[PDB]
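Presented as structure tokens, the chain that follows is alone, the form deposited in one PDB entry.
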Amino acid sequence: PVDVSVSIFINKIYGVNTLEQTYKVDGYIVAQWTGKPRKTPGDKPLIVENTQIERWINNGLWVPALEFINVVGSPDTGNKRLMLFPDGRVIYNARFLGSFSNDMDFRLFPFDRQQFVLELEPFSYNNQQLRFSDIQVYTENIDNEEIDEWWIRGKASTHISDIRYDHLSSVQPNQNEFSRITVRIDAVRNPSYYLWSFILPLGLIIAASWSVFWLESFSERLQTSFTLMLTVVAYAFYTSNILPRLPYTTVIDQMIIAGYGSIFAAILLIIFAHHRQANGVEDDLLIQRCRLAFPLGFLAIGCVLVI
């Protein structure tokens, strides 16, 4: 098996689209192997640019096709270059733009922590014909940066493994195992914009919802409660386009559902207070003094939603 030595240079990560869990990676890939010696013009390496490589592949040069496994579409290959040396070794350099995809887990949404994965694999040659020796990843352009809201933490992890395929088992009986390269980059979401735009106003709205019990008139309490319900419905719409649509419940989601529960609890409490009159002559003191109990225990419910 011929030993290819990959080197990936990440130029920028951008376009992190949490709705579909894709992200666009731009960069360069440099593969390098050693073949039979050849005669080049002079004693110097020869550079073959894009759309000329095909004239060399037709004449019989061995250039393998490396593909990105987790790409959504096909990578927008820009320029490509092939450097041939007189001593025998070949270097294939190419520029890629891709929309890669990874399994993101938005369980802790504003305080999220994901990782961006590049998976690279030969398309045709198993590990008895092509083996990856090593990979370096030069992620120096995005070492400690803030792309839009993602801090790129630490270095980039690399790994070389062997993936066994089964749809090729009938056509390649006992040799259907392919060498694979994985590159992982840890990114932490910046929670500031959500903190001052989606959590502080919801906290103020929920506290104001608690503040309806200071009224001494029942009808005004009902109309006020419905106005607050309308405002919470406005935030129900206003948070819909932020993140995709998942079985479980995020942090902003808990605040929205807690706001709905607070509005409904206040409405039912004032209805029950209006119905609390046994003979219609008794007034209410203890159930309208929930201005200390209804907030505080609610905060404990918030603790249950946090931990």
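Whichever C-alpha set is largest while still superposing within 1.5 Å between the two forms counts as the rigid core. Numbers follow the displayed sequence, beginning with 1.
Quick note: we don't show the form deposited in another entry, though the next part is all about it.
Of the residues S161, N79, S169, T158, exactly one exceeds or equals a 2 Å C-alpha shift between the shown form and the other one once the rigid core is aligned, and that residue is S169. Superposition on the rigid core between the shown form and the other one places the CA atom of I199 less than 2 Å from its counterpart. With a cut-off of 2 Å and the rigid core superposed, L66 has a Cα displacement that falls short of the cut-off between the shown form and the other one.
The rigid-core alignment places the CA of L97 less than 2 Å apart between the shown form and the other one. A decrease of at least 3 Å in the separation of the C-alpha atoms of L195 and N144 is found in the other entry, compared with the displayed form. Distance between the C-alpha atoms of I147 and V183: longer by at least 3 Å in the other entry than in the displayed form.
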